[PDB]
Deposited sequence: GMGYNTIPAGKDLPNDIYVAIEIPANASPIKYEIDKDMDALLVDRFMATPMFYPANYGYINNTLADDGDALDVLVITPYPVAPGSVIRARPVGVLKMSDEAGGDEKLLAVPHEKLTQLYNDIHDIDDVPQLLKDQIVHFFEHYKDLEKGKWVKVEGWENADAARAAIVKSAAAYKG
């Protein structure tokens, strides 16, 4: 997992290592040890609206790799890697400070399904609202809290990827 590239051509052509599939049981996996760890069994009765993972060889303003949600037509396996392109970013804050969750779709080479989704406005509204709801509430029953600020666009997402890839010094 340490050796997966951030992307073929940052910031628009990235690899996301998926930790948690969309619509899965409430097991919060995290890739550590070179291993898929169980970080927690999520306490709230919720599921991730899209697959959740990160871009390797990035360092977010919060100390871990940059987080990314990837929309797919079928949930992918934990630990699998998906070639993707960013379409937006959700800004938030928690008990540990600021955070952002990018939103991405699979690269055109993987599927024609998202050929008309190029920026955050193109993503179905209900899915965005569900991602917001999830991040507002998923920690409600964990000493952990979350405040969600709002969406920014694909340029802002690409900016996050550039910043975080530059910050990585490993």
Unmodelled spans of the deposited chain sequence come out as 1 to 3, 36 to 37, 148
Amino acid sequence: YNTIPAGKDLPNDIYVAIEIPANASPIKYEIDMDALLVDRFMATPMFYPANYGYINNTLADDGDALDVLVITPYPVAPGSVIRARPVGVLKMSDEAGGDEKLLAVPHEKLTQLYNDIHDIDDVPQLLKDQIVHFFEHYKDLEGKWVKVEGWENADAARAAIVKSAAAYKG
From here on, numbers count along this sequence of modelled residues.
Higher-B stretch (mean Cα B-factor, as the entry records it), 70 to 78 or 95 to 103
95 to 103
Where do the C-alpha atoms have the higher mean temperature factor in this entry, in 14 to 22 or in 143 to 151?
143 to 151
Going by the entry, which of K109, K28, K128, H137 has the most elevated CA B factor?
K109
From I55, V132, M33, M42, which pick has the Cα B-factor that tops the rest in the entry?
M33
Among the chain's modelled residues, which third holds the C-alpha B-factor of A50?
lowest
